[PDB]
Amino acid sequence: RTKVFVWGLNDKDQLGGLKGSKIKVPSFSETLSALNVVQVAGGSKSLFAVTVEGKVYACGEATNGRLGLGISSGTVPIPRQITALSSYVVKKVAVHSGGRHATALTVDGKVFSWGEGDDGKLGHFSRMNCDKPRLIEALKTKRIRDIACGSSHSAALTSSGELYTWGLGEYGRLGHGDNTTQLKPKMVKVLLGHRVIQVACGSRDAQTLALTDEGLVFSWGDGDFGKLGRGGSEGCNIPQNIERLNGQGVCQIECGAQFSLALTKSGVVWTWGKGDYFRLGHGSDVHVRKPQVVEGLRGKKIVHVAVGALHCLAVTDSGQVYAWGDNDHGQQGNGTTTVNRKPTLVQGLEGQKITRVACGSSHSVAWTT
């Protein structure tokens, strides 16, 4: 048993079988709970679930083939198995909250991609859409250990610690010293000598974040609103160290819409970037151009975080979920459509020891184990 709870926008049934378009309180998902999930991931009006068995299920908007079910137009209102992957044990799905493509990493290190093909983000030397998952041949000889997707580019990292990026080159998000689109996975040579252990990719005019095993956080790409974390707004196409987070013990990095977030081993949350609609959690909607601790969570040991487009979720070590940011569709889980300017306890989960959260563009997920 893993109980799964969902809330937020439900216009395309991206919550997997609830009635109503704005679910304002976390609601038990019997379809998703029945699956025994190890991971839920949220994309643009879409939801993906990876089970202990290693299968993948998807629901929500099917346009551009987000869901990898061989279709391209309508809605999948009930979570449906991506049967193209039924012969593999999938370990993780990577998708951005504002994304229309995704990747899947198997336990034996293979990477499949599917969905919108613009700018080569699927990694098959073309700009073609893929309605069904397709193996990224370029990575077949690398033992990939993690994956990440933005709205317009993608990334993967090997067990030796090398980082690959591909997709839209504009504004330097790929990190290769130019702005050239890569239809193929390309190694970030500037980071050799560092063992990269996570990577996160942003949306639209996007940033990229990387984390090394020594705790170093790097950022590059678009610089608007200070989401690179080094002040001002100048972009770059070469990875640069975010000096402020050195020595902080960062263990998880995420990119929402035009903002960045980091969580540390000791349980503190840092955010920076675009401030509009209170996505940063500092109580105001001003921009923050170097990382700043979310004071609203000081004293709470956060063990897992997730970012949507305009909202964030954080779980304490005691199973409590806090949310902050925009609430046009109920994604805050406070029973209303009122913004959470500061981190706020999510209603309706008491007695559920949540261990993990996930976000899509405008929806939210929490689950136990």
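Sequential numbering from 1, following the sequence displayed.
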Response to the item:
Higher of the two mean Cα B-factors (116-124, 278-286; per PDB record) comes from 116-124
Worksheet, complete the sentence: Ranked by mean Cα B-factor in the entry, 65-73 and 325-333, top stretch is 65-73
Worksheet item: Whose C-alpha has the highest temperature factor in the PDB entry: 260, 208, 129, 241?
Response: 129
Worksheet item: From 203, 219, 246, 103, pick the one with the largest CA B-factor in the entry?
Response: 246
Item to complete: Would you mind checking where the Cα B-factor of residue 349 ranks among the modelled residues of its chain, as the lowest, middle or highest third?
Response: middle
Discussion item. Please place residue 44 in the lowest, middle or highest third of its chain according to the CA B-factor in the PDB entry.
Written reply: lowest
Worksheet entry | Third of the chain, ranked by Cα B-factor, where residue 270 sits | lowest
Response to the item:
residue 88: CA temperature factor from the record, placed by chain third, in the highest
Worksheet item: By the record's CA B-factor, is residue 22 among the lowest, middle or highest third of residues in the chain?
Response: middle
